[PDB]
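Pasted below: upload_4.cif, mmCIF, N, CA, C and O atoms and all ligand atoms.
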```
data_target
loop_
_atom_site.label_atom_id
_atom_site.label_comp_id
_atom_site.auth_asym_id
_atom_site.auth_seq_id
_atom_site.Cartn_x
_atom_site.Cartn_y
_atom_site.Cartn_z
N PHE A 1 26.10 37.49 -39.32
CA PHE A 1 26.12 36.03 -39.44
C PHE A 1 27.54 35.64 -39.81
O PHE A 1 27.99 35.86 -40.94
N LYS A 2 28.25 35.04 -38.85
CA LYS A 2 29.68 34.78 -38.95
C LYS A 2 29.95 33.29 -39.05
O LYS A 2 29.20 32.48 -38.48
N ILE A 3 31.01 32.92 -39.76
CA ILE A 3 31.33 31.53 -40.04
C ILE A 3 32.78 31.29 -39.63
O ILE A 3 33.66 32.10 -39.94
N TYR A 4 33.02 30.18 -38.93
CA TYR A 4 34.37 29.75 -38.58
C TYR A 4 34.55 28.30 -38.98
O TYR A 4 33.63 27.49 -38.85
N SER A 5 35.74 27.96 -39.47
CA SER A 5 35.98 26.63 -40.01
C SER A 5 37.47 26.34 -40.03
O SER A 5 38.31 27.24 -39.98
N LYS A 6 37.79 25.05 -40.12
CA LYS A 6 39.15 24.58 -40.33
C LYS A 6 39.07 23.18 -40.92
O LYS A 6 38.02 22.54 -40.92
N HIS A 7 40.20 22.71 -41.45
CA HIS A 7 40.28 21.43 -42.14
C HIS A 7 41.41 20.59 -41.55
O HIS A 7 42.46 21.11 -41.16
N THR A 8 41.19 19.27 -41.50
CA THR A 8 42.17 18.35 -40.93
C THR A 8 41.92 16.95 -41.47
O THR A 8 40.76 16.56 -41.65
N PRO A 9 42.98 16.18 -41.73
CA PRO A 9 42.79 14.81 -42.23
C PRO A 9 42.37 13.85 -41.13
O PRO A 9 42.50 14.14 -39.93
N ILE A 10 41.85 12.70 -41.54
CA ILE A 10 41.35 11.68 -40.63
C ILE A 10 41.79 10.30 -41.12
O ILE A 10 41.70 10.00 -42.32
N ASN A 11 42.27 9.47 -40.19
CA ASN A 11 42.52 8.06 -40.46
C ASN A 11 41.81 7.15 -39.46
O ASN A 11 42.12 5.96 -39.37
N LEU A 12 40.85 7.71 -38.70
CA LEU A 12 40.06 7.00 -37.69
C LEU A 12 38.59 7.40 -37.92
O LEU A 12 37.89 7.86 -37.02
N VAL A 13 38.15 7.21 -39.17
CA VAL A 13 36.87 7.73 -39.67
C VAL A 13 35.67 7.34 -38.81
O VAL A 13 34.64 8.02 -38.85
N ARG A 14 35.78 6.26 -38.02
CA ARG A 14 34.62 5.76 -37.28
C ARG A 14 34.08 6.78 -36.28
O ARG A 14 32.85 6.87 -36.11
N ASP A 15 34.94 7.55 -35.61
CA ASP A 15 34.47 8.48 -34.59
C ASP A 15 35.42 9.67 -34.53
O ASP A 15 36.52 9.64 -35.09
N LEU A 16 34.96 10.72 -33.85
CA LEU A 16 35.74 11.95 -33.75
C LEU A 16 37.02 11.71 -32.95
O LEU A 16 37.01 11.04 -31.92
N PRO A 17 38.14 12.25 -33.42
CA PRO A 17 39.40 12.08 -32.69
C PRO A 17 39.50 13.00 -31.49
O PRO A 17 38.71 13.93 -31.31
N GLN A 18 40.49 12.71 -30.65
CA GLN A 18 40.80 13.58 -29.52
C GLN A 18 41.71 14.71 -29.98
O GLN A 18 41.90 14.92 -31.18
N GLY A 19 42.27 15.46 -29.03
CA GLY A 19 43.12 16.57 -29.41
C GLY A 19 42.41 17.91 -29.25
O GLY A 19 41.36 18.02 -28.62
N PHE A 20 43.02 18.93 -29.84
CA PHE A 20 42.52 20.29 -29.70
C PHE A 20 42.98 21.12 -30.89
O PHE A 20 44.16 21.09 -31.24
N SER A 21 42.05 21.85 -31.49
CA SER A 21 42.37 22.73 -32.61
C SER A 21 41.33 23.84 -32.67
O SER A 21 40.14 23.61 -32.41
N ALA A 22 41.78 25.04 -33.02
CA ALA A 22 40.93 26.22 -33.02
C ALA A 22 40.40 26.51 -34.42
O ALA A 22 41.01 26.15 -35.43
N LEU A 23 39.25 27.19 -34.47
CA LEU A 23 38.62 27.53 -35.74
C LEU A 23 38.91 28.98 -36.10
O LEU A 23 38.79 29.87 -35.26
N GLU A 24 39.29 29.20 -37.36
CA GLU A 24 39.59 30.55 -37.81
C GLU A 24 38.40 31.13 -38.57
O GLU A 24 37.67 30.41 -39.26
N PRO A 25 38.16 32.44 -38.45
CA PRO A 25 37.09 33.07 -39.23
C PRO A 25 37.52 33.26 -40.68
O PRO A 25 38.70 33.46 -40.97
N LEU A 26 36.55 33.18 -41.58
CA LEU A 26 36.83 33.34 -43.01
C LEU A 26 35.89 34.29 -43.73
O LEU A 26 36.30 34.88 -44.74
N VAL A 27 34.66 34.48 -43.26
CA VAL A 27 33.69 35.32 -43.95
C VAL A 27 32.62 35.75 -42.96
O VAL A 27 32.38 35.09 -41.95
N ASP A 28 31.98 36.89 -43.23
CA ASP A 28 30.95 37.47 -42.38
C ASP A 28 29.81 37.99 -43.25
O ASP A 28 30.03 38.36 -44.41
N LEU A 29 28.60 38.00 -42.69
CA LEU A 29 27.41 38.42 -43.43
C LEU A 29 26.71 39.57 -42.72
O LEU A 29 26.43 39.48 -41.52
N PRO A 30 26.42 40.66 -43.43
CA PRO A 30 25.67 41.78 -42.82
C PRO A 30 24.16 41.63 -42.96
O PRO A 30 23.43 42.63 -42.86
N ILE A 31 23.69 40.41 -43.21
CA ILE A 31 22.32 40.15 -43.64
C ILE A 31 21.25 40.72 -42.71
O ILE A 31 20.28 41.33 -43.18
N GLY A 32 21.38 40.54 -41.39
CA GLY A 32 20.40 41.10 -40.47
C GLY A 32 19.08 40.39 -40.39
O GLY A 32 18.16 40.90 -39.74
N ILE A 33 18.93 39.21 -41.01
CA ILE A 33 17.67 38.48 -40.97
C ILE A 33 17.63 37.58 -39.74
O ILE A 33 18.66 37.34 -39.09
N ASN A 34 16.44 37.08 -39.41
CA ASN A 34 16.24 36.20 -38.26
C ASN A 34 16.33 34.74 -38.69
O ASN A 34 15.78 34.35 -39.72
N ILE A 35 17.03 33.94 -37.89
CA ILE A 35 17.21 32.52 -38.14
C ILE A 35 16.70 31.74 -36.94
O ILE A 35 17.09 32.01 -35.80
N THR A 36 15.82 30.77 -37.19
CA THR A 36 15.33 29.88 -36.13
C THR A 36 15.47 28.40 -36.44
O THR A 36 15.51 27.61 -35.49
N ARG A 37 15.54 27.98 -37.70
CA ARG A 37 15.68 26.58 -38.05
C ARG A 37 16.67 26.45 -39.20
O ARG A 37 16.92 27.41 -39.93
N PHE A 38 17.25 25.26 -39.34
CA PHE A 38 18.22 25.04 -40.40
C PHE A 38 18.11 23.61 -40.92
O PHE A 38 17.58 22.73 -40.24
N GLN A 39 18.61 23.41 -42.13
CA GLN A 39 18.61 22.11 -42.79
C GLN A 39 19.91 21.93 -43.55
O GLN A 39 20.78 22.80 -43.54
N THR A 40 20.03 20.79 -44.22
CA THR A 40 21.22 20.45 -44.99
C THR A 40 20.85 20.06 -46.42
O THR A 40 19.72 19.65 -46.70
N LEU A 41 21.82 20.19 -47.32
CA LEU A 41 21.66 19.83 -48.73
C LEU A 41 22.59 18.68 -49.09
O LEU A 41 23.76 18.67 -48.73
N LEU A 42 22.05 17.71 -49.84
CA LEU A 42 22.79 16.54 -50.27
C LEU A 42 22.74 16.44 -51.79
O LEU A 42 22.04 17.19 -52.46
N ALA A 43 23.52 15.50 -52.33
CA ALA A 43 23.57 15.25 -53.76
C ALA A 43 23.74 13.76 -54.01
O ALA A 43 24.44 13.06 -53.27
N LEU A 44 23.10 13.28 -55.08
CA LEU A 44 23.18 11.87 -55.44
C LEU A 44 22.84 11.72 -56.92
O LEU A 44 22.02 12.45 -57.47
N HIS A 45 23.49 10.74 -57.55
CA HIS A 45 23.26 10.43 -58.95
C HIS A 45 22.13 9.42 -59.08
O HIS A 45 22.07 8.44 -58.33
N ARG A 46 21.25 9.65 -60.05
CA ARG A 46 20.15 8.73 -60.32
C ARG A 46 19.69 8.86 -61.77
O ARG A 46 20.28 9.60 -62.55
N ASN B 1 12.99 68.56 -84.48
CA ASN B 1 11.85 68.79 -83.60
C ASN B 1 12.09 69.98 -82.69
O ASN B 1 13.23 70.45 -82.54
N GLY B 2 11.02 70.48 -82.08
CA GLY B 2 11.14 71.62 -81.20
C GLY B 2 11.95 71.30 -79.95
O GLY B 2 12.09 70.14 -79.56
N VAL B 3 12.48 72.36 -79.33
CA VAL B 3 13.32 72.20 -78.15
C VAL B 3 12.53 71.58 -77.01
O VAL B 3 13.02 70.70 -76.29
N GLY B 4 11.28 72.02 -76.83
CA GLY B 4 10.43 71.41 -75.82
C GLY B 4 10.07 69.97 -76.14
O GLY B 4 9.75 69.19 -75.23
N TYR B 5 10.11 69.59 -77.41
CA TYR B 5 9.80 68.24 -77.83
C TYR B 5 11.03 67.36 -78.01
O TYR B 5 10.89 66.19 -78.40
N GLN B 6 12.22 67.89 -77.74
CA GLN B 6 13.44 67.11 -77.92
C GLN B 6 13.50 65.96 -76.91
O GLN B 6 13.10 66.12 -75.75
N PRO B 7 13.99 64.80 -77.32
CA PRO B 7 14.10 63.67 -76.39
C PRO B 7 15.19 63.89 -75.36
O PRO B 7 16.27 64.41 -75.67
N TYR B 8 14.90 63.50 -74.12
CA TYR B 8 15.84 63.62 -73.01
C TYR B 8 15.93 62.29 -72.27
O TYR B 8 14.92 61.62 -72.07
N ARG B 9 17.15 61.92 -71.88
CA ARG B 9 17.36 60.76 -71.04
C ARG B 9 17.51 61.19 -69.59
O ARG B 9 18.27 62.10 -69.27
N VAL B 10 16.76 60.53 -68.71
CA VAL B 10 16.71 60.88 -67.29
C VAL B 10 17.12 59.68 -66.46
O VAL B 10 16.67 58.55 -66.72
N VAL B 11 17.97 59.91 -65.46
CA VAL B 11 18.43 58.87 -64.54
C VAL B 11 18.10 59.31 -63.12
O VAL B 11 18.48 60.41 -62.70
N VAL B 12 17.40 58.45 -62.39
CA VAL B 12 16.94 58.75 -61.04
C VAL B 12 17.55 57.73 -60.08
O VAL B 12 17.60 56.53 -60.39
N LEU B 13 18.01 58.21 -58.93
CA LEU B 13 18.58 57.36 -57.89
C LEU B 13 17.78 57.56 -56.60
O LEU B 13 17.42 58.69 -56.27
N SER B 14 17.53 56.47 -55.89
CA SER B 14 16.65 56.50 -54.73
C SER B 14 17.36 55.92 -53.52
O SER B 14 18.37 55.21 -53.65
N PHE B 15 16.82 56.22 -52.34
CA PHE B 15 17.40 55.83 -51.06
C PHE B 15 16.46 54.91 -50.28
O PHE B 15 15.24 55.07 -50.28
N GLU B 16 17.06 53.93 -49.61
CA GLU B 16 16.38 53.12 -48.61
C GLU B 16 17.39 52.77 -47.52
O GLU B 16 18.58 52.62 -47.78
N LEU B 17 16.89 52.67 -46.28
CA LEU B 17 17.75 52.45 -45.12
C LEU B 17 17.14 51.37 -44.25
O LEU B 17 15.92 51.22 -44.18
N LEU B 18 18.01 50.61 -43.57
CA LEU B 18 17.58 49.54 -42.68
C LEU B 18 18.43 49.56 -41.42
O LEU B 18 19.48 50.21 -41.36
N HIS B 19 17.96 48.84 -40.39
CA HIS B 19 18.72 48.72 -39.15
C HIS B 19 19.94 47.83 -39.31
O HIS B 19 20.81 47.83 -38.43
N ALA B 20 20.03 47.07 -40.40
CA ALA B 20 21.21 46.28 -40.71
C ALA B 20 22.36 47.23 -41.02
O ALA B 20 22.12 48.39 -41.38
N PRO B 21 23.62 46.81 -40.86
CA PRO B 21 24.75 47.70 -41.15
C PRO B 21 24.74 48.16 -42.60
O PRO B 21 24.40 47.40 -43.52
N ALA B 22 25.10 49.42 -42.81
CA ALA B 22 25.10 50.00 -44.14
C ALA B 22 26.18 49.36 -45.01
O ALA B 22 27.26 48.98 -44.53
N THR B 23 25.88 49.24 -46.30
CA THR B 23 26.78 48.57 -47.22
C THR B 23 27.39 49.48 -48.27
O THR B 23 28.46 49.15 -48.78
N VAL B 24 26.77 50.61 -48.59
CA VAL B 24 27.26 51.50 -49.63
C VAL B 24 27.87 52.71 -48.92
O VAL B 24 27.17 53.64 -48.54
N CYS B 25 29.19 52.69 -48.74
CA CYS B 25 29.88 53.83 -48.16
C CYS B 25 31.03 54.31 -49.03
O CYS B 25 31.94 53.55 -49.37
N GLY B 26 30.97 55.60 -49.38
CA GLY B 26 31.97 56.25 -50.19
C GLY B 26 33.26 56.48 -49.44
O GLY B 26 33.32 56.44 -48.21
N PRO B 27 34.34 56.72 -50.19
CA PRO B 27 35.67 56.79 -49.58
C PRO B 27 35.91 58.02 -48.73
O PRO B 27 35.12 58.97 -48.72
N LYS B 28 37.03 58.00 -48.00
CA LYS B 28 37.50 59.14 -47.22
C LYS B 28 38.96 59.38 -47.57
O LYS B 28 39.63 58.52 -48.13
N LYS B 29 39.44 60.58 -47.23
CA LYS B 29 40.81 60.94 -47.53
C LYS B 29 41.79 60.18 -46.63
O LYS B 29 41.46 59.74 -45.53
N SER B 30 43.01 60.03 -47.13
CA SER B 30 44.07 59.35 -46.40
C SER B 30 45.41 59.97 -46.78
O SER B 30 45.62 60.37 -47.93
N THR B 31 46.31 60.04 -45.80
CA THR B 31 47.62 60.66 -45.99
C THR B 31 48.72 59.60 -46.00
O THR B 31 48.47 58.39 -45.92
N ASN B 32 49.96 60.07 -46.10
CA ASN B 32 51.10 59.18 -46.16
C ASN B 32 51.63 58.88 -44.75
O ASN B 32 51.43 59.65 -43.81
N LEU B 33 52.31 57.75 -44.63
CA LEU B 33 52.80 57.30 -43.34
C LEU B 33 54.23 57.79 -43.09
O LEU B 33 55.06 57.85 -44.00
N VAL B 34 54.50 58.14 -41.83
CA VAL B 34 55.77 58.73 -41.42
C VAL B 34 56.36 57.86 -40.32
O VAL B 34 55.64 57.23 -39.54
N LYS B 35 57.69 57.84 -40.25
CA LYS B 35 58.41 57.00 -39.31
C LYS B 35 59.25 57.85 -38.36
O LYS B 35 59.65 58.96 -38.69
N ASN B 36 59.49 57.29 -37.17
CA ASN B 36 60.48 57.79 -36.21
C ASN B 36 60.21 59.22 -35.76
O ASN B 36 61.13 60.04 -35.67
N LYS B 37 58.95 59.55 -35.46
CA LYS B 37 58.63 60.84 -34.86
C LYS B 37 57.27 60.75 -34.16
O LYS B 37 56.43 59.93 -34.52
N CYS B 38 57.08 61.62 -33.17
CA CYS B 38 55.85 61.62 -32.39
C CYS B 38 54.71 62.10 -33.28
O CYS B 38 54.82 63.15 -33.92
N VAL B 39 53.62 61.35 -33.32
CA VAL B 39 52.57 61.61 -34.30
C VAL B 39 51.26 60.99 -33.84
O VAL B 39 51.23 59.89 -33.28
N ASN B 40 50.17 61.72 -34.06
CA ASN B 40 48.83 61.17 -33.88
C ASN B 40 48.46 60.29 -35.07
O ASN B 40 48.78 60.62 -36.21
N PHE B 41 47.79 59.18 -34.80
CA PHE B 41 47.38 58.27 -35.86
C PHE B 41 45.94 57.82 -35.65
O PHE B 41 45.46 57.72 -34.52
N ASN B 42 45.26 57.56 -36.77
CA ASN B 42 43.92 56.98 -36.78
C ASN B 42 43.88 55.87 -37.81
O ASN B 42 44.03 56.13 -39.01
N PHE B 43 43.68 54.64 -37.35
CA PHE B 43 43.69 53.46 -38.21
C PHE B 43 42.34 52.76 -38.11
O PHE B 43 42.06 52.09 -37.11
N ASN B 44 41.51 52.92 -39.14
CA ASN B 44 40.21 52.27 -39.27
C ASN B 44 39.29 52.54 -38.09
O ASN B 44 38.44 51.71 -37.77
N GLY B 45 39.43 53.70 -37.44
CA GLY B 45 38.68 54.01 -36.24
C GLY B 45 39.46 53.86 -34.96
O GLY B 45 39.02 54.37 -33.92
N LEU B 46 40.60 53.18 -34.99
CA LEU B 46 41.47 53.07 -33.82
C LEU B 46 42.35 54.30 -33.73
O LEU B 46 43.11 54.61 -34.66
N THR B 47 42.27 55.01 -32.61
CA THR B 47 42.94 56.29 -32.44
C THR B 47 44.00 56.19 -31.35
O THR B 47 43.81 55.53 -30.33
N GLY B 48 45.13 56.84 -31.60
CA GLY B 48 46.21 56.86 -30.63
C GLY B 48 47.34 57.74 -31.10
O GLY B 48 47.30 58.30 -32.20
N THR B 49 48.35 57.86 -30.25
CA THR B 49 49.53 58.67 -30.54
C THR B 49 50.78 57.91 -30.14
O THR B 49 50.73 57.02 -29.28
N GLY B 50 51.90 58.25 -30.77
CA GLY B 50 53.15 57.58 -30.47
C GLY B 50 54.07 57.61 -31.68
O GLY B 50 53.92 58.45 -32.57
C1 LIG C 101 13.51 39.16 -35.37
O1 LIG C 101 13.03 38.86 -34.05
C2 LIG C 101 12.86 40.02 -33.22
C3 LIG C 101 12.45 39.51 -31.85
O2 LIG C 101 13.16 38.33 -31.50
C4 LIG C 101 11.83 40.96 -33.84
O3 LIG C 101 11.71 42.13 -33.03
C5 LIG C 101 12.25 41.33 -35.25
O4 LIG C 101 11.23 42.10 -35.87
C6 LIG C 101 12.51 40.08 -36.08
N1 LIG C 101 12.94 40.42 -37.43
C7 LIG C 101 14.07 41.08 -37.74
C8 LIG C 101 14.31 41.31 -39.20
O5 LIG C 101 14.86 41.47 -36.88
#
```
Output the file's structure in the form of structure tokens.
Amino acid sequence: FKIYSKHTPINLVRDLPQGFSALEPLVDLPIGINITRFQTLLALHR
Amino acid sequence: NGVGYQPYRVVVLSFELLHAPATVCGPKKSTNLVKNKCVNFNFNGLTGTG
């Protein structure tokens, strides 16, 4: 299970900019488990 | 107390294996690097000469 990512600033927050940039690898997982669905985690003060 | 009745501490280690890549691997020997001569080399599984 491999992850690739990169970071870049934005001043046109409304939509994705044009251009081209590549993603670099940073970490790998030897987990070997099966993945079929995924979700996201959020945070909020209350 | 008797020798047969003396307390003993015992440590047991067990094995399990999976089709996932192995994670516990002990070290291997390694030598020093040499320059400017014809030599066989093995780097992390990559093999060659020069
Ligand atoms: C993952 O799915 C395969 C078939 O797609 C199955 O053979 C296997 O048992 C499942 N689980 C793991 C841990 O690979």
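Put simply, CA of residue 22 in chain A is 10.3 Å away from CA of residue 7 in chain A.
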Show me which bits of chain B are within 8 Å of chain A, counting all atoms listed in the file, as a PDB file with N, CA, C and O atoms, in the coordinates of the input.
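Contents of the output file part30.pdb:
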```
ATOM      1  N   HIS B  19      17.960  48.840 -40.390  1.00  0.00           N
ATOM      2  CA  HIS B  19      18.720  48.720 -39.150  1.00  0.00           C
ATOM      3  C   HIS B  19      19.940  47.830 -39.310  1.00  0.00           C
ATOM      4  O   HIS B  19      20.810  47.830 -38.430  1.00  0.00           O
ATOM      5  N   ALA B  20      20.030  47.070 -40.400  1.00  0.00           N
ATOM      6  CA  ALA B  20      21.210  46.280 -40.710  1.00  0.00           C
ATOM      7  C   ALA B  20      22.360  47.230 -41.020  1.00  0.00           C
ATOM      8  O   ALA B  20      22.120  48.390 -41.380  1.00  0.00           O
ATOM      9  N   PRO B  21      23.620  46.810 -40.860  1.00  0.00           N
ATOM     10  CA  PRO B  21      24.750  47.700 -41.150  1.00  0.00           C
ATOM     11  C   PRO B  21      24.740  48.160 -42.600  1.00  0.00           C
ATOM     12  O   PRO B  21      24.400  47.400 -43.520  1.00  0.00           O
ATOM     13  N   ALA B  22      25.100  49.420 -42.810  1.00  0.00           N
ATOM     14  CA  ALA B  22      25.100  50.000 -44.140  1.00  0.00           C
ATOM     15  C   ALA B  22      26.180  49.360 -45.010  1.00  0.00           C
ATOM     16  O   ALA B  22      27.260  48.980 -44.530  1.00  0.00           O
ATOM     17  N   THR B  23      25.880  49.240 -46.300  1.00  0.00           N
ATOM     18  CA  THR B  23      26.780  48.570 -47.220  1.00  0.00           C
ATOM     19  C   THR B  23      27.390  49.480 -48.270  1.00  0.00           C
ATOM     20  O   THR B  23      28.460  49.150 -48.780  1.00  0.00           O
TER      21      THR B  23
END
```
Using CA of residue 27 in chain A and CA of residue 40 in chain A as the two end points, give the distance in Å to one decimal. 19.4 Å
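In this model, the gap between CA of residue 34 in chain B and CA of residue 49 in chain B comes to 12.5 Å.
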Write out as JSON, numbers by chain all residues of chain B that backbone DSSP assigns to strand (DSSP E or B). {"B": [40, 41, 42, 43, 46, 47, 48, 49]}
With only C-alpha atoms and all ligand atoms as the basis for distance, which of B:18, B:46, B:13, B:3 is at the shortest distance from ligand LIG 101 (chain C)? B:18
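With distances restricted to all atoms listed in the file, A:34 is the closest residue to ligand LIG 101 (chain C) from A:18, A:39, A:34, A:11.
Considering the residues A:36, A:45, A:4, A:15 and counting only C-alpha atoms and all ligand atoms, ligand LIG 101 (chain C) has its shortest atom-to-atom contact with A:36.
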